[PDB]
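Participant: I have a structure here, written as structure tokens, and I will follow up with some questions on it.
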Amino acid sequence: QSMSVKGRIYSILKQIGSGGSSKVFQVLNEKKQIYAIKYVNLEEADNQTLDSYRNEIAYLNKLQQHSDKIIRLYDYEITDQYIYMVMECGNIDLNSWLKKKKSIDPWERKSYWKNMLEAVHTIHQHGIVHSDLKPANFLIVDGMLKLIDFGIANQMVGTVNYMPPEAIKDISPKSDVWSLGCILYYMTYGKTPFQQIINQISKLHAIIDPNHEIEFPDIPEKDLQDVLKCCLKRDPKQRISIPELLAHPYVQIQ
Ligand SMILES: CCc1nn(CCOCCOCCOC)c(CC)c1NC(=O)c1ccn2c1CCc1cnc(Nc3ccc(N4CCN(C(=O)COC)CC4)cc3OC)nc1-2
């Protein structure tokens, strides 16, 4: 119920996240300030894994100044057994909140989409394709949305629902546009595009079969309907680019 990271001592309040060999805590510094610490455990970490983590941290740290739609990382300590990462404490990850939330105020959802693009666009500039975006990857801070991770590090929920067809036979920035697509879709018709389907092989075949009409129910926002149709184009060159998505009317026009 208390840790030290580069000497400084943080008092845990609760555990606000967990995965792989990693806990995330909500904590207080000396000046009674709040943070999130991600403890990562390395005692079972193979070499490539150990690099993957060093890489992912390298980058998280870097693209701090290149954008505020990326979770802040204030400090880290790193040794052969553990990594501790001192980030800002968000309110909730997107995915938890989408679950609880009734329907989403159109203005909020568009605002959020703008941050998904700002964030993701940043990492593509730097060579990174995330190639595994789900709601879980984004954290609401001060009603603003930030990318947490860059999919660079290895693992220790399986989920095919956000997966772009061109990687249902195995890298492009277009892969992330699909996933962001499914995230927006989720935020729009309250489901992912291939959720109804339960047979995960029937599903995997649905995502690649151009014979499969993806439905996009009529909604007031014709701006928004376009963007979904545009992001969910099974051919990666058919698909809309992110610099295109940032000038799109849905995100551009009042
Ligand atoms: C921890 C397992 C994991 N592995 N990876 C992959 C890479 O990391 C492992 C390798 O090491 C490299 C480091 O990568 C950064 C990721 C990315 C999504 C995850 N998830 C996270 O890192 C991860 C998940 C959440 N966080 C983080 C990091 C920073 C943070 C700040 N703030 C928050 N805030 C927050 C998040 C969640 C919540 N709860 C929990 C969810 N809600 C519930 O419904 C309760 O049920 C569990 C209630 C709200 C409350 C919060 O505020 C107090 N959350 C996180």
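Along the chain as shown, the residues are counted starting at 1.
Cβ atoms here come from the backbone N, Cα and C positions, even for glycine.
Taken from the PDB entry, the feature expression tag applies to 1-3.
Under the heading ATP binding site, Swiss-Prot lists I16, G17, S18, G19, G20, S21, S22, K23, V24, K38, citing sequence analysis as support. What Swiss-Prot records for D132 is active site, proton acceptor.
Give me the structural setting of these features: burial, nearby parts and distances.
Facilitator: In the three-state DSSP scheme, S18 (ATP binding site) falls into the strand class. On its own chain, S18 (ATP binding site) has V24 as residues at least 6 apart in sequence with a Cβ closer than 8 Å to its own Cβ.
Secondary structure at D132 (active site, proton acceptor), taken from DSSP and collapsed to helix, strand or coil, is coil. A 10 Å cutoff on Cβ-Cβ distances gives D132 (active site, proton acceptor) a total of 18 other Cβ atoms nearby, all chains included.
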Participant: CB neighbours of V24 (ATP binding site) within 10 A?
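Facilitator: Taking all protein chains shown, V24 (ATP binding site) has 19 Cβ neighbours within 10 Å.
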Participant: Using Cα coordinates, what distance in whole Å links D132 (active site, proton acceptor) and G20 (ATP binding site)?
Facilitator: 16
